[PDB]
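1. could you work out the structure for the sequence below:
(one chain, ligands or ions: 1)
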Amino acid sequence: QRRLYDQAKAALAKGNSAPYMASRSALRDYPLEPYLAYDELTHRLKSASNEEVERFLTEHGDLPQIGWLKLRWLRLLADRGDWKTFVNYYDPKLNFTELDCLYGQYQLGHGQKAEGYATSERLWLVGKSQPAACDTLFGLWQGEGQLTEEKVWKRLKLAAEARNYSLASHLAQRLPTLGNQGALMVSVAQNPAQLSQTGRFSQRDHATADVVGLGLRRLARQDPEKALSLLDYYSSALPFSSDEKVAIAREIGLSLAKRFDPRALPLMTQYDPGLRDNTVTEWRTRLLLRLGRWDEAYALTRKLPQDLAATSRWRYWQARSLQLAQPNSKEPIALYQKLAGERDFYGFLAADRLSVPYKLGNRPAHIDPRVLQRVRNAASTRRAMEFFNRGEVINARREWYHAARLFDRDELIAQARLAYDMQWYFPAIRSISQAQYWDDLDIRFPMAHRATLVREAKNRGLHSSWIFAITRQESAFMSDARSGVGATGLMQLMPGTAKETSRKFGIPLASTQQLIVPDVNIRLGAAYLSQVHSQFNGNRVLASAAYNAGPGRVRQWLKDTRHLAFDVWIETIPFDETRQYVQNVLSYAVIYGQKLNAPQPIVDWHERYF
Ligand SMILES: *C(=O)[C@@H](C)O[C@@H]1[C@@H](NC(C)=O)[C@@H]2OC[C@@H](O2)[C@H]1O[C@@H]1O[C@H](CO)[C@@H](O)[C@H](O)[C@H]1NC(C)=O
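-> Numbers count the residues shown, from 1 in each chain. Here you go, the structure:
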């Protein structure tokens, strides 16, 4: 019928369970009933019998919030001494470090000393403060002779690496012999530039060596040139392990290569000649590309490990560095041909270099109504559906995403399809991407808000495919989206950005989250996108980067370029986050170009050189 399950929820949270227990034998086949049962038990969890709690975990263990129940209950079991029941339910894959520490205490008092020592050390060697449960465990562990000075040192190092200096200080204060070097590590980690005083860091011991290494690795981010000099001084003076040298050379090398300093190359080739560190390898090739050394880059692309050599990235650059190295050769044509015909950034680049059409290849998946039944029938789906029908979208979403953690490949797809058909564009993308079914472009590149995005595109003189693409990358059409920093809406405008474009364009001010309304957000984001578009001479490559990383950062990455090819520039963007953002947005815009019947090449003629 029309179940007023809200009475029970209104009574229970917060108050009493009288209407719930009246109704419990009425809402048998209501999908949300177990949320009521969950709260009724949770309010009285501290007096509930093991049996009743175990029964609830057996029969409703698929609920999203079951993890919070298991944590609250396992904590009580341990705090009462009921270790046999604790151990029967302790799951390490809940990733509650509080529980992991209790399990360690279990192990040390039930004859698993080797295992409890291993558990203890695993939780010791982190650079952050652990829960109170772990104090007890570190107590026992220390108590049994295990917390040696090396292990205190190793944790000091992690804590200082993590910038937890209060913890680092307390750990230096617990070193029987190395408290001098320990305070130095905290000092140097706070201000690694003191390493320039080479006479204060002269003592030939592992400890001082380790202090110096941490400092150089830190210094590398801010001032790699300075780090390199001091490395040049200290490498003949202190007894660095070869592991420590390699970790120092890595941070200095990468930080030098990110600012296009060819001093990186020799350093990178000595300390990782086998190409074992993928991040070093990619950045050596990147640097050779930025410096115009095509021969060396081609050579390098031929040695890549099989995981990098197989990416569309290094297949493209092998072909391109070759074509740039030997412009009269016919071998890049056949490498490009293998690669055009894929639907990704580098596939399109390859297509572009052969000047053949991009291959989209839209094929909706092939799911039998058999597999579709399982997922529409699933209790988790039924709950999500009933949650969605009432406005409870956070709950619906929480259901949908928790279901997917166990779903196989075929179901995930069926899941995706179901979400699509409800205008639940973001969940459908999440589902299908998790299935790794990339060829369903109907689902992965939806056309929400089509009339508004195209109107606002044409008023600002922007290609509409570009405004879809920015949108798609920014929020995947989750229209009420809010980021880890406060950017709101479809185009993820910050609140200062929105009021500053409103002013500039005489568009009406938005209440700082009236940005949630599509038609208001798209109007401001389009205007603002046109502002960065015109600020970089209509270049979408540069403007896309600006939108993600700010105009100042992009202007640093453009000096001193002269006649720098767009693909090299994209590839040598220092930040992984924005390299990918740019490649995505460009790629998406191509795809939206075909769906809007407004064809859009991966880059325009005027974008190919800056
Ligand atoms: C999924 O593939 C990831 C990498 O993409 C994110 C994702 N949200 C989170 C929290 O991971 C979701 O998919 C569409 C976007 O929402 C995407 O987030 C956006 O990431 C860019 C940087 O690449 C930020 O400028 C956006 O603010 C961020 N948006 C949100 C709502 O988190």
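
2. so what's residue 591 up against?
-> Residues in contact with residue 591 (C-beta atoms under 8 Å, 6 or more residues apart in numbering) are 343, 360, 441, 445, 469. To be clear about C-beta, it is placed using only N, CA and C from the backbone, and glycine gets the same treatment.

3. contacting residues around stretch 170-187?
-> Identification of contacts with stretch 170-187 by C-beta under 8 Å, 6+ apart yields 149, 152-153, 155-157, 159-160, 165, 168-169, 194, 201, 203, 205, 207-208, 210-211, 214.

4. include secondary structure, distance to the ligand and neighbour count when you put the contacts of residue 591 into JSON lines, please.
-> As requested, the contacts of residue 591 are exported to JSON lines (DSSP: H, G, I helix; E, B strand; the rest coil; distance: C-beta to the nearest ligand atom, whole Å; neighbours: other C-beta atoms under 10 Å):
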{"residue": "343", "secondary structure": "coil", "distance to the ligand": "17", "neighbour count": "19"}
{"residue": "360", "secondary structure": "coil", "distance to the ligand": "20", "neighbour count": "14"}
{"residue": "441", "secondary structure": "helix", "distance to the ligand": "16", "neighbour count": "17"}
{"residue": "445", "secondary structure": "coil", "distance to the ligand": "12", "neighbour count": "21"}
{"residue": "469", "secondary structure": "helix", "distance to the ligand": "12", "neighbour count": "25"}
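
5. between these, which is nearest residue 69?
-> Among the contacts of residue 591, residue 445 lies closest to residue 69 (C-beta to C-beta), at 39.4 Å.

6. what distance do you get for that closest one to residue 148?
-> Going from residue 445 to residue 148 by C-beta to C-beta, to the nearest Å gives 57 Å.

7. repeat that for residue 181.
-> Distance, residue 181 to residue 148, using C-beta to C-beta: 16 Å.

8. and stretch 265-278, C-alpha only, in CSV?
-> Taking C-alpha atoms only, stretch 265-278 is exported to CSV below (Å, rounded to 0.1, in the frame of the first residue of the first chain):
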residue,chain,number,x,y,z
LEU,A,265,69.1,13.3,-17.7
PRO,A,266,72.5,12.2,-16.5
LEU,A,267,71.3,11.9,-12.9
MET,A,268,68.2,9.8,-13.9
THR,A,269,70.3,7.5,-16.2
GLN,A,270,72.9,6.6,-13.4
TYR,A,271,70.3,6.0,-10.7
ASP,A,272,67.7,4.0,-12.6
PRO,A,273,69.4,2.6,-15.7
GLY,A,274,67.2,-0.4,-15.8
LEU,A,275,63.9,1.6,-16.1
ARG,A,276,62.3,0.1,-13.0
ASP,A,277,60.7,3.3,-11.7
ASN,A,278,57.9,4.1,-14.2
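
9. quick one: buried residues of that stretch?
-> 265, 267, 268, 271, 272, 275, 277 (16 or more other C-beta atoms under 10 Å).

10. hang on, the third one is in a strand, isn't it?
-> No: according to DSSP: H, G, I helix; E, B strand; the rest coil, residue 268 belongs to no strand; its state is helix.

11. that one and residue 251 touch, don't they?
-> No: the pair residue 268 / residue 251 is not scored as a contact, 11.2 Å apart, by C-beta atoms under 8 Å.

12. what strand or helix carries the nearest residue to residue 275 once chain neighbours are set aside?
-> Among residues not flanking residue 275 along the chain, residue 281 sits closest, at 4.7 Å (C-beta to C-beta, 6 or more residues apart in numbering). Per DSSP states H and E: residue 281 is located in helix 278-290.

13. show me the contact partners of that helix.
-> 250, 253-254, 257-258, 260, 262, 264-265, 268-269, 272, 275, 294, 296-297, 300-301, 304-305, 307-308, 314, 317, 321, 568, 571-572.

14. could you say which helix or strand holds the residue in the stretch 251-400 of the chain positioned nearest to the ligand?
-> Nearest to the ligand in the stretch 251-400 of the chain, going by C-beta to the nearest ligand atom, is residue 397, at a distance of 12.3 Å. Per DSSP H and E: residue 397 is located in helix 393-404.

15. ok now that helix, how far from the chain's centre?
-> Here helix 393-404 is found 20 Å from its chain centre; the criterion is C-alpha atoms, centre = their mean, to the nearest Å.

16. and stretch 111-129, by the same measure?
-> With C-alpha atoms, centre = their mean as the basis, stretch 111-129 stands 27 Å off its chain's centre.

17. make 50 the starting number, not 1.
-> That works, and once the first residue is 50, the last one we named lands at stretch 160-178.

18. in it, what counts as buried?
-> 165, 166, 168, 169, 170, 172, 173, 175, 176.
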